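Written out as structure tokens, the structure reads:
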């Protein structure tokens, strides 16, 4: 069994550049920046599929 | 102190839980060059009222 | 170490002073609610010329608010061009362009 990727998901090649240190609510969280939207996501929760 | 969701769910009515809450307004800001720490604080139980 | 202005002024020519300097780029920022301290750091002796002539790199740290810290210095490309050995035996940099 290989789970299919669900219809809404977006392909993203891993690259060191996608992850960074950043301030977020008095913490230096490992922010991830989505390559399409450009949006930064300090929490692992709430990230785009 | 901490309150298990298990006790919130299984205690008889009439029990008086004692929840604690942080006022994080005065929490220190991280140094600009300190590497990020892994992990994430989460809260499960919330007030319904002020 | 510290150097008195008195010694700067009274030493025979030929003496070799050893001045120290802070790179305060990585100095910690104060907490937002900490009360101010009294007193003021002062510097009296200064270089007449650039001092960090040996400096290949600087501030190898991430900054949370910004893409690169101000004053961060990358290594020059030349440190990293292995180049080639010429038939003479002289080392060469890689060609900038074909031909």
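Protein chains in written order, with the authors' numbering: chain C, 1088 to 1136; chain B, 1186 to 1235; chain B', 1186 to 1284. A prime marks a further copy of an entry chain.
Backbone N, C-alpha and C fix where the C-beta goes; we use that ideal spot for every residue, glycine too.
- Excluding residues up to 5 positions away in sequence, 1188 lie with their Cβ nearer than 6 Å to the Cβ of residue 1202 of chain B' in the same chain.
- In summary, the residues of the stretch 1103 to 1114 of chain C whose CB is separated from some CB of chain B' by less than 8 Å are 1107, 1108, 1109, 1110, in the order they occur in the chain.
- Only those residues of the stretch 1225 to 1252 of chain B' whose C-beta falls short of 8 Å from the nearest C-beta of chain C are listed: 1247, 1248, 1249, 1250.
- Residue 1108 of chain C counts as buried, since at least 16 other C-beta atoms from the protein chains shown sit within 10 angstroms of its C-beta.
- Distance check between residue 1265 of chain B' and each of B':1225, B':1277, B':1200, B':1235 places B':1277 closest, using alpha-carbon atoms only.
- The criterion of a C-beta distance shorter than 9 Å is not satisfied by residue 1235 of chain B' and residue 1206 of chain B'.
- Judged by their CB atoms, residue 1251 of chain B' and residue 1211 of chain B' are not nearer to each other than the 9 Å cut-off.
- Following the DSSP letters along the chain, one finds residue 1267 of chain B' in no alpha helix (DSSP H), marked with neither H nor E.
- Runs of alpha helix (DSSP H) with 4 or more residues, each lying fully within the stretch 1225 to 1257 of chain B', are absent.
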